[PDB]
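Colleague: Let me give you the structure first, and then I'll get to my questions.
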Amino acid sequence: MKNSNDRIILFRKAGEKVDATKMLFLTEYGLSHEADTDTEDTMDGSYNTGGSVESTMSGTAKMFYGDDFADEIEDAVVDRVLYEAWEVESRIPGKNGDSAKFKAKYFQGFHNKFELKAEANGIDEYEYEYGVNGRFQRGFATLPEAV
Amino acid sequence: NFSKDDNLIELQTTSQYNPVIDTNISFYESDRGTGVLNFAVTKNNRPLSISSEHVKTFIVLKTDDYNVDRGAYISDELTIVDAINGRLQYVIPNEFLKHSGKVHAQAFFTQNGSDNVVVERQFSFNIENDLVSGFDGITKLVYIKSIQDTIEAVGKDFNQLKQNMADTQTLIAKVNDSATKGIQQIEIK
Amino acid sequence: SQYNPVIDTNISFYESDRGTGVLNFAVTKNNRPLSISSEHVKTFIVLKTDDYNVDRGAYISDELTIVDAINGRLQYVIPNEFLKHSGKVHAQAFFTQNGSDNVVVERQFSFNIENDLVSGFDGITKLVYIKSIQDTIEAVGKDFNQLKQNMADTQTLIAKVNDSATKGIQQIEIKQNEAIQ
Amino acid sequence: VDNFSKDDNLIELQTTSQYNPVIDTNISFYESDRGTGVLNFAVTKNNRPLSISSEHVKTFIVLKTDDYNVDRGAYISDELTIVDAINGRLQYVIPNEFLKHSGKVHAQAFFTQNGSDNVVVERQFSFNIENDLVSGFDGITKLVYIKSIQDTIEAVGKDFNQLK
Amino acid sequence: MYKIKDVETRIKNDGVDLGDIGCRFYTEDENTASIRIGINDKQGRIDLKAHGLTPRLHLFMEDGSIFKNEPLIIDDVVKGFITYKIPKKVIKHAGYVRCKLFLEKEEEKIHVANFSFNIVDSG
Amino acid sequence: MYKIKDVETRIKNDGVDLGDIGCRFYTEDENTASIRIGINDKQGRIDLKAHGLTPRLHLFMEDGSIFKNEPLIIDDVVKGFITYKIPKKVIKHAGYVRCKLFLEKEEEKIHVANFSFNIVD
């Protein structure tokens with residue numbers, strides 16, 4: 004029942020505490036959690052190994068003139084700086100004193116890939132893959148500029 | 005205790021276009037004296053201290069169906085509790101409940117001496133209808149409890165001044181009685 | 019540094035009222051005289067004489083008289099008992115349209131009323147708009163708080179007169195507690 | 003200026019000849035404050051603060067509501083009340099008047115050379131001011147209550163003078 | 001109560017004419033009906049006292065009466081309005097009424113407008 | 001019992017002529033029938049007695065009989081509403097009947113409505 008465009012997605016570098024921003028012109032966004040469980044056989048039975056889970060998210064968006072954020076991303080993938088991101092679902096506020104902040108998932112990791120693309124007579128689109136680097140925390144977060 | 009003192013809303017005293025917010029607070033019609041709004045004020049990011057001595061705070065309240073022939077609106081003081089932490093509470097009145105539906109609110113402070121005031125959020129609020137009803141308070145009520153209590157307290161202060169000026173004649177009798185009782189207590193032990 | 023408050027509402031005072039203190043005000047909404055009634059609008063006026071200490075205070079408060087609504091004039095006949103105070107009578111008029119707008123236009127002015135009738139209808143007249151519920155308390159709040167502080171001063175004088183003997187009570191109890199020892 | 007106003011805004015007015023189109027500032031006052039609206043301007047040349055004193059350039063700020071007209075609107079040019087002549091901190095207290103004129107209001111700065119006709123002007127901005135339940139909600143009850151308090155004072159004054 | 005119409009016209013080289021403003025007064029409205037005119041010009045409004053002039057409306061009643069130099073009581077500082085309190089004798093007639101307003105000081109007479117209205121005869 | 005018809009009478013300067021009201025009493029409805037009307041000039045109702053106002057009802061039959069300054073009751077406690085009870089006289093005349101609701105202050109007359117209604121056995 005949630006229209007995808009309700010999902011809002013923010014990033015920022017850990018070092019820049021003050022800095023804040025949002026990703027714009029998403030077309031397709033996809034999160035993923037991949038459990039590595041390969042059971043190794045046993046004579047008396049079988050055991051299901053509990054392996055790490057490399058969660059990652061891939062999003063594609065457009066690239067316009069009044070923004071350079073995507074350039075910061077294609078910088079980070081190379082410089083391999085840390086970032087942290089916020090997958091906040093709007094229209095879902097707090098419960099007691101957190102109404103201004105809506106539910107979200109917070110996770111800190113690196114951008115594992117940047118790939119943009121051009122097409123004669125068309126707007127260029129940049130895709131990015133971000134590795135979450137561990138457990139993703141839950142709670143609520145506040146948007147900037149009321150949008 | 006039994007009362008709806010669980011809610012709490014934060015009022016950001018900052019000039020950054022703090023928009024209206026649906027606080028998601030839905031009291032009911034047949035609720036008297038137990039509907040309470042816990043306000044917590046914040047200056048920039050941390051709580052703003054307050055006091056009934058320096059400043060005086062009030063809140064305005066207005067239903068959404070407010071008309072001249074039918075509506076609801078009031079403006080009344082607060083009940084500061086844990087002021088240093090910027091916390092306070094408002095006991096919802098009894099006549100206002102009879103009017104159901106959406107509601108808008110507001111909390112404004114006035115700094116004594118200068119009368120320079122401050123307005124925080126203009127937040128939203130809800131009130132629902134129950135089955136204990138049938139009496140219709142369609143008559144729109146608009147009373148400025150602030151100035152009303154002001155005049156009532158001025159009258160009461162005049163009356164208390166009168167009673168004290170009357171008692172001024174009894175103070176000598178009090179002195180004499182106290183001295184006599186002291187002398188008696190001495191002579192006893 | 020000009021101003022143009024967007025209510026286009028004003029309450030002017032006729033300088034041609036120098037005789038018999040017949041205060042003849044006019045209303046102007048959107049550069050237009052407003053047709054009024056007894057129900058469609060409301061009015062009020064307050065007058066206080068020059069700075070009498072407390073004794074001779076021509077402190078009067080009364081409504082208006084609709085002399086000609088369709089034309090937009092409002093008459094107020096000055097009470098004979100009031101104009102006896104030849105001191106400069108400051109005046110505060112208040113008009114209110116009740117046209118779904120919270121406009122309450124206040125006009126502060128004064129003159130040099132003489133014991134016979136209004137004289138020297140001068141003074142820099144100003145106007146304000148009560149467009150917020152805090153200055154309704156501050157409109158008359160000046161003299162209101164003045165009288166409140168006067169009452170508080172009398173109260174503290176009474177409290178000092180009472181403490182003059184409460185101290186005697188303290189001296190009595192302490193001298194007795196010392197004597198019993 | 004006191005520790006009661008909003009004063010939660012830092013405007014970066016940079017004297018840059020390159021370009022400074024407009025600031026759609028995110029700021030509000032709710033039309034009922036009317037006693038404390040503070041604007042904390044900064045000043046910079048390229049990326050560093052300026053050093054302006056009283057003997058040096060004098061300050062000015064022009065405010066102008068959105069729909070200004072000789073018959074309706076608002077417009078005034080007043081001072082800035084410099085705070086720090088080192089980091090370029092200018093706290094300006096908004097008047098009691100404009101906050102009655104709801105809606106939007108554009109603004110601009112202005113710097114006059116103390117001792118010469120040379121001047122400087124900074125980037126525009128627009129600090130909207132919204133409506134409030136305080137500045138509306140009725141057009142009778144206010145008059146009724148002022149009348150009631152007037153009657154009460156006029157009455158209790160008689161008994162007060164009597165007992166005094 | 002009182003019936004009033006708040007109209008405003010403007011002097012124009014092309015000449016003006018208003019098409020029977022929708023105010024169908026009634027003969028029985030003896031001393032209540034009226035008209036409120038506000039003149040306009042190139043700048044937005046006119047002030048008579050500034051350059052002292054006098055307006056005058058002449059109206060041609062239904063085939064059996066014509067009035068001139070009507071009362072046309074001036075207004076206050078509002079600078080341009082006139083509340084022409086319509087008297088009894090006038091509305092005693094009915095039908096298609098049409099009036100025309102002029103401004104004069106001395107030797108400068110200018111016809112500002114020529115509008116009309118109707119009065120209903122309600123016995 | 002009673003058969004009352006509520007109506008709104010407005011002082012609109014652009015002429016006022018309330019046409020055929022759905023109300024249609026009947027001859028033998030001697031006293032039960034009644035008209036009830038509320039005046040509303042510009043801002044809502046108007047309190048007549050507030051400032052020396054006096055209403056008047058002058059109704060013309062479709063045929064012959066013509067009455068003037070009919071009686072009525074004023075529930076002034078509420079507002080300037082009028083309740084005209086036909087006293088076994090007007091209803092007896094069948095056919096439609098039009099009215100004229102005059103309102104006079106001292107020296108100031110006004111005509112503010114012209115309503116009618118049909119009548120049959």
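Protein chains in written order, with PDB author numbering: chain BA, 4 to 150; chain BK, 5 to 193; chain BL, 19 to 199; chain BJ, 3 to 166; chain BM, 1 to 123; chain BN, 1 to 121.
C-beta atoms are modelled at their ideal positions from N, C-alpha and C, and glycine is treated no differently.
Output the distance between the C-alpha atoms of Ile-142/BK and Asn-69/BM, rounded to the nearest integer angstrom.
Modeller: Those two C-alpha atoms are separated by around 54 angstroms.
Colleague: Starting from the Cα of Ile-66/BM, find the closest Cα among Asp-41/BM, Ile-46/BM, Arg-45/BM and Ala-94/BM and give me that residue.
Modeller: Closest option to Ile-66/BM, Cα to Cα, is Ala-94/BM.
Colleague: Tell whether a beta-carbon distance below 8 angstroms holds between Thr-32/BM and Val-120/BM.
Modeller: Cβ distance not < 8 angstroms, so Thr-32/BM and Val-120/BM don't count as in contact.
Colleague: What separation, rounded to the nearest whole angstrom, lies between the Cα atoms of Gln-20/BJ and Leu-27/BA?
Modeller: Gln-20/BJ and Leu-27/BA: Cα-Cα distance of roughly 28 angstroms.
Colleague: Write down the C-beta distance between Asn-42/BJ and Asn-11/BJ rounded to the nearest angstrom, noting that I regard them as a contact closer than 8 angstroms.
Modeller: Contact flag correct, Cβ pair sits at about 6 angstroms.
Colleague: Indicate the three-state DSSP secondary structure (helix, strand or coil) for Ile-84/BK in the structure shown.
Modeller: Strand, per DSSP.
Colleague: Measure from the alpha carbon of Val-107/BK to the alpha carbon of each residue in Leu-92/BK, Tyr-77/BK, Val-85/BK and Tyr-94/BK, then state which is nearest.
Modeller: Selected option, being the one with the closest Cα: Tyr-77/BK.
Colleague: By the DSSP assignment, the beta strand (DSSP E) with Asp-6/BN in it spans what residues?
Modeller: Run containing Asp-6/BN: 3 to 10, per the beta strand (DSSP E) assignment.
Colleague: Whose CA, out of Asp-20/BM, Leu-53/BM, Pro-71/BM and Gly-22/BM, lies closest to the CA of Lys-89/BM?
Modeller: Answer by Cα proximity: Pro-71/BM.
Colleague: When the Cα atoms are used, what is the spatial distance from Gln-110/BL to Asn-28/BJ?
Modeller: Their backbone Cα atoms lie some 40 angstroms apart in a straight line.
Colleague: Please confirm if the region 129 to 139 of chain BJ is in contact with the region 56 to 66 of chain BK, defined as three or more CB-CB distances below 8 angstroms between the two stretches.
Modeller: Cβ pair count under 8 angstroms is three or more, so yes.
Colleague: Specify the secondary structure class of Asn-114/BM as computed by DSSP and reduced to three states.
Modeller: If DSSP states are grouped into helix, strand and coil, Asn-114/BM belongs with the strands.
Colleague: Are the Cβ atoms of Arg-125/BK and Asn-49/BK separated by less than 8 angstroms?
Modeller: Their beta carbons are not under 8 angstroms apart, which means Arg-125/BK does not touch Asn-49/BK by this criterion.
Colleague: On the DSSP bridge assignment, give the partners of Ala-144/BA in chain order.
Modeller: Looking at the DSSP assignment, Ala-144/BA forms a beta bridge with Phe-105/BA.
Colleague: If you measure from the beta carbon of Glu-57/BL to each beta carbon in chain BN, is any gap under 8 angstroms?
Modeller: With 8 angstroms as the cut-off, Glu-57/BL counts as an interface residue toward chain BN.
Colleague: Which of helix, strand or coil does DSSP assign to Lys-193/BK?
Modeller: DSSP places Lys-193/BK in coil when its eight states are reduced to three.
Colleague: Can you name, in chain order, every residue of its own chain whose Cβ lies under 8 angstroms from the Cβ of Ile-13/BJ, other than the five neighbours on each side?
Modeller: Only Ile-25, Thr-27, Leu-41, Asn-42, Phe-43, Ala-44 and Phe-127 meet the Cβ criterion.
Colleague: For the pair the region 99 to 117 of chain BM and the region 5 to 22 of chain BM, tell me if three or more CB-CB distances fall below 8 angstroms.
Modeller: Enough Cβ pairs lie closer than 8 angstroms, so yes.
Colleague: For residue 2/BJ, which residues in chain BK fall below 9 angstroms Cβ to Cβ?
Modeller: Residue numbering for chain BJ in the displayed model covers 3 to 166; residue 2/BJ lies beyond these limits and cannot be assessed.
Colleague: Using a C-beta cutoff of 8 angstroms, does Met-1/BM count as contacting chain BN?
Modeller: Yes, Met-1/BM counts as interfacial toward chain BN.
Colleague: Starting from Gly-137/BA, trace the alpha helix (DSSP H) in both directions and tell me its first and last residue.
Modeller: No alpha helix (DSSP H) holds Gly-137/BA; DSSP gives it neither H nor E.
Colleague: Report yes if the C-beta distance between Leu-59/BN and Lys-100/BN is below 8 angstroms; otherwise report no.
Modeller: Against a cut-off of 8 angstroms, the Cβ pair of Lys-100/BN and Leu-59/BN comes out as a contact.
Colleague: How many angstroms separate the CA atom of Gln-188/BK from the CA atom of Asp-181/BL?
Modeller: About 24 angstroms.
Colleague: For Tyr-32/BA, which residues of its own chain have a beta-carbon under 8 angstroms away from its beta-carbon, when the five flanking residues on both sides are left out?
Modeller: Contacts found: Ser-7, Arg-10, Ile-12, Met-60, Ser-61, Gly-62 and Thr-63.
Colleague: Ignore the nearest five residues each way along the sequence and tell me which others in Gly-54/BA's own chain have a CB closer than 8 angstroms to its CB.
Modeller: Within the same chain, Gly-54/BA has close Cβ partners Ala-38, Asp-39, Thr-40 and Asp-41.
Colleague: Suppose you measure from the CA of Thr-114/BJ to the CA of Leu-101/BJ; what does that come to, to the nearest Å?
Modeller: Going from the Cα of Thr-114/BJ to the Cα of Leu-101/BJ covers about 27 angstroms.
Colleague: Since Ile-46/BN meets chain BL, which of its residues come closer than 7 angstroms, beta carbon to beta carbon?
Modeller: Those are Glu-57, listed as they occur along chain BL.
Colleague: Would you say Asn-11/BJ lies against chain BL (beta-carbon separation less than 8 angstroms)?
Modeller: No, no contact with chain BL.
Colleague: Return helix, strand or coil for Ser-150/BJ, following the three-state DSSP convention.
Modeller: Helix at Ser-150/BJ.
Colleague: Thinking just about the alpha-carbon of each residue, which of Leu-119/BA, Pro-147/BA and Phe-143/BA is nearest to the one in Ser-102/BA?
Modeller: With distances taken between Cα atoms, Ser-102/BA lies closest to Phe-143/BA.
Colleague: Can you name, in chain order, every residue of its own chain whose Cβ lies under 6 angstroms from the Cβ of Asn-89/BK, other than the five neighbours on each side?
Modeller: Closer than 6 angstroms at Cβ, skipping near neighbours: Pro-51.
Colleague: Please look up how many angstroms separate the CB atoms of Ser-7/BK and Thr-46/BK, rounded, as I've assumed it's under 8 angstroms.
Modeller: At roughly 25 angstroms, the Cβ-Cβ gap does not stay under 8 angstroms, so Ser-7/BK and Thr-46/BK are not in contact.
Colleague: Report yes if the C-beta distance between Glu-30/BM and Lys-109/BN is below 8 angstroms; otherwise report no.
Modeller: Contact: yes.
Colleague: Cβ closer than 7 angstroms: which chain BL residues qualify as neighbours of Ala-50/BN?
Modeller: What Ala-50/BN touches in chain BL: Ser-56 and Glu-57.
Colleague: Within 10 Å of its beta-carbon, does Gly-123/BM have 16 or more other beta-carbons around it, so buried, or fewer, so exposed?
Modeller: Per the 10 Å Cβ criterion, exposed.
Colleague: Taking only the alpha-carbon atoms, compute the straight-line gap between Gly-117/BL and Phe-139/BJ and give it to the nearest angstrom.
Modeller: Rounded to the nearest angstrom, the two C-alpha atoms are 12 angstroms apart.
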